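Protein chains in written order, with PDB author numbering: chain L, 13 to 216; chain p, 2 to 204; chain K, 83 to 256.
Below: the structure, in structure tokens.
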RNA sequence: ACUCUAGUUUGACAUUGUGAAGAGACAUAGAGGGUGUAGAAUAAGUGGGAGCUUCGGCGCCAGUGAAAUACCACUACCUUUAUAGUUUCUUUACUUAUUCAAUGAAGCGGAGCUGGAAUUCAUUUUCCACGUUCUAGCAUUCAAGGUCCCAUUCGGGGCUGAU
RNA sequence: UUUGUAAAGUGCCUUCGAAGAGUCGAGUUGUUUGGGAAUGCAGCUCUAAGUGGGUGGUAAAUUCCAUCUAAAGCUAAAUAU
RNA sequence: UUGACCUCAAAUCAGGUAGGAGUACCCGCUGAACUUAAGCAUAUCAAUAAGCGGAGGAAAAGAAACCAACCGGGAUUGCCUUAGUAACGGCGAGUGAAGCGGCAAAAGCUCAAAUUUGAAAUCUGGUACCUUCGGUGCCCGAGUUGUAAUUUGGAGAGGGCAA
């Protein structure tokens, strides 16, 4: 049971001395192969925000560059091209669509590296910009499977009370367990080294 | 009670305690005779559930039997027949070694009646058994009717007609589709199905 | 050792079971009492005998009712008594391994006993019982893990021991 | 000739344990190690992230590169076994299983005494003996000598002789 | 003689409910069977389990079901002569 | 030093028991070959004769770790049928059961595994007496490394309640 330890709860709130937004970090554990397709390739909806600052480089076109003046972070176009390739790095993640797929070959060397662009794995080029902006400013997690065995993500903030953080780590355990392929070993939740940013690690 | 602990200890025979006790006891029993009296059972749980009520007139013998296949007689390995029935070495003796042990200690103690027998030990050369013989004309057995049935004259030499616990095993007797050739005893259910039944009015 | 064993068997000499003549005496007592006073087997006082028998002592250790349990450095079918130090450590009952199953038999009027157990005790000998429990747990039940780790045996005979001493003094020293 | 067969030869498993050598990695944490471009700077990769410590100091930002750090962790990469159990190799070493032989199971092993080969580098560091050799004789009575008892009877007992 | 404040059975609730290992099972080998990728026995080798085990007549894995309790024991008459 | 314990012995110790015969039928081990295949090496005869160990008036088997797959049957044995069938077989010669169904006969049960622990309550032998295939007292002995009572798979145990 996750009730005797903290794992999302009130018990670890005074262990860290930084009075800034410090988020909790959960790490999954299930052995896989050296392939690139197997595993947990899904980024679901996180119901409570991660409480982070992020600005979006919306480089849209005719039918989608109007809904950014109500609920968004930054309004950009496809004409401003001589900035996002050479100098500027003031971003956390972007958001694109399907209508302009010939500009994506240009911003490869600068943004694909530090996770500022999209290759194939995150739902970044989603068309809908009138309903999916109530899901990205409430910052989601990062499910990114590495080489041999780890899955480093982030659930919530330690200073947030245990009322908002009661059904967030449970719906995230129902994503890496049901969408998973049949090439994972026994008892898919093996080890959960859960440490936030500053205190000790609290595991099951 | 204390017999469940002995039962569960005796079910773990490759642990360190039981292999030390195995080695000490196999040496001690090899230093003695083949058929010799045991003053007291070495497995009181396993002797007790086979029928050892420790009182007067119950006897434990301990017995070695020579281990391995049954090499045939017929001198210099010649059988003088078909090349089917021509093997001398690899023949394997339809009764168990436990039945040989029971028959031998029922021939030495010939006044006594064998009830059952159990395994105590083995090395590469011998298997060692304890046989649990009952003296049927002692007055602590001839009454108290839980054990006076062994007094009956039909129970003479149970170990040499196949009526002990390993006798009825090695005779193939059990219920089933698996035991069809030998379920009522093999040779009676052979002779009754090679009998030509002919009536008065021929059916 | 013999000092604590002598104290322990003074204490267990104070608690012996009934011999046959004492049972004949209490049969005469209850045969008078039930026929006259109609006291159904309660005119005689409650006994305080030692508890003996191996199934009995194992049931008393399983139900936590035994105060003190003695074990013999004995019985040749050893499997009868190797599980009793583990039971007595697991159930918290203080236990000692006293020398001889003849003495455990003669403080109980048998030939061999192989177990002994106090469950009841009168109010006279309580402090002596507690001092025995203290000394016994200083020797046995608090050293259970250290003894469970160590391997005995390997002791060579004195001719091979002397030859090993000669060689291992001639292999390193001069 | 076709098909076998007792015997014998060799391997594997068991009987079959116990110490000391030599390689494979686990319970067991941590000191440190891991230099193709760019970037204060040796970022093997990933997650949080604009701040912490009294201060200093670093960090956000800035800029860079496939990877942005102060601060706490996971997977790992190469060593370090200081701690305990198991893998095949040295045939090294063990007595208790097992095997051989001998005797009516007679002197096995260890230590000392005295001497002396032995030279003293402070006192013995060491090693050997520890009853018999001209003779076709003898060797046996809990053993004679020496010592102490008993209650002095005619005898009987203990030590030593023979560590 | 009345063997006797003893024994036995029936109904309701509660806590339990102990059940047989070098044995089951398996590999190989011999033998046997009608038993067919091994029916029974036996030799060696390995060796269990507990909401378990065995059987369900083509070997195997996966998910269910069914049916009985092994490795301890006694017992008339039908039957053979 | 004396007394127990354990293990092992000795007695023309007290009292018992075993062997041998008969073997028609029974329970096991062991086990051929003539012959058949129009030859013969698997096969077949045959799981037979011979040999050996053991009983009884019957023996054996027997109260399902069974058969089934049905609307399920219910220990064992034997008879009629299944059935010359399914199956095995140089798929040759040949071999060859079982469940169901009708009937004869139907009888069910016992230990081990749970402290009786306000009481080994159990059993043997000797001695004395007698209403002497046995009963009572006393005395040793067995036995708590555990005999009796309670329970045994279908139930059952410890408690509580009313008949």
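Quick reminder that beta carbons are idealized off the backbone N, C-alpha and C, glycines included.
Looking at the C-beta of residue i, does it have a partner C-beta in chain K at a distance below 8 Å?
i	result
residue 45 of chain p	yes
residue 6 of chain p	yes
residue 2 of chain p	yes
Which residues in chain p sit within 8 Å of residue i, going by Cβ to Cβ distance?
i	result
residue 159 of chain K	41, 42, 43, 44 and 45
How would you list, in chain order, the residues of chain K whose beta-carbon sits under 8 Å from the beta-carbon of residue i?
i	result
residue 23 of chain p	Neighbours of residue 23 of chain p on chain K: none; closest Cβ ~11 Å, over 8 Å.
residue 48 of chain p	Ordered by position in chain K, no residue passes the 8 Å Cβ test against residue 48 of chain p, which lies about 10 Å from the chain.
Starting from residue i, follow its DSSP beta bridges and name the residues at the other end.
i	result
residue 150 of chain K	K/200
residue 138 of chain p	According to DSSP, residue 138 of chain p bridges with nothing at all.
residue 36 of chain p	p/64
residue 164 of chain L	L/39
residue 122 of chain K	The partner list for residue 122 of chain K (beta bridge, DSSP) is empty, contrary to what the question assumes.
residue 122 of chain p	p/129
residue 180 of chain L	According to DSSP, residue 180 of chain L bridges with nothing at all.
Identify the contact partners of residue i in chain K, using a Cβ-Cβ distance below 7 Å as the criterion.
i	result
residue 18 of chain p	164
Out of the options, state which residue places its alpha-carbon closest to the alpha-carbon of residue i.
i	options	result
residue 165 of chain L	L/132, L/173, L/104 and L/181	L/181
residue 69 of chain L	L/55, L/88, L/209 and L/189	L/88
residue 57 of chain p	p/140, p/34 and p/130	p/140
residue 184 of chain L	L/113, L/102, L/126 and L/59	L/59
residue 191 of chain K	K/94, K/87 and K/88	K/94
residue 167 of chain L	L/50, L/151, L/41 and L/100	L/151
residue 130 of chain p	p/7, p/24 and p/39	p/39
residue 234 of chain K	p/92, p/168, p/185 and p/18	p/18
residue 156 of chain K	K/91, K/182, K/216 and K/231	K/182
residue 94 of chain p	p/114, p/71, p/102 and p/79	p/71
residue 53 of chain p	p/134, p/128, p/68 and p/108	p/134
residue 178 of chain K	K/144, K/110, K/99 and K/197	K/197
residue 219 of chain K	K/138, K/174, K/250 and K/239	K/174
residue 196 of chain L	L/149, L/160 and L/169	L/160
residue 211 of chain K	K/83, K/85 and K/90	K/90
residue 132 of chain K	K/118, K/120, K/152 and K/114	K/152
residue 2 of chain p	K/139, K/256 and K/150	K/139
residue 48 of chain K	K/185, K/248, K/142 and K/92	Lying outside 83 to 256, the shown extent of chain K, residue 48 of chain K is not represented and no answer is given.
residue 130 of chain K	K/205, K/176 and K/87	K/205
residue 54 of chain L	L/154, L/205 and L/83	L/154
residue 127 of chain K	K/193, K/108 and K/117	K/108
Step through the CB atoms of chain p and report whether any lies within less than 8 Å of the CB of residue i.
i	result
residue 214 of chain K	no
residue 137 of chain K	yes
residue 140 of chain K	yes
For a contact meaning CB atoms closer than 9 Å, what does residue i contact in chain K?
i	result
residue 10 of chain p	161, 164 and 165
Would you call residue i buried or exposed, if buried means 16 or more other Cβ atoms sit within 10 Å of its Cβ?
i	result
residue 170 of chain K	buried
residue 124 of chain K	exposed
residue 137 of chain p	buried
residue 46 of chain p	buried
residue 67 of chain L	exposed
residue 32 of chain L	exposed
residue 86 of chain L	exposed
residue 110 of chain K	exposed
residue 84 of chain K	exposed
residue 65 of chain L	exposed
residue 51 of chain L	buried
residue 170 of chain L	buried
residue 48 of chain L	exposed
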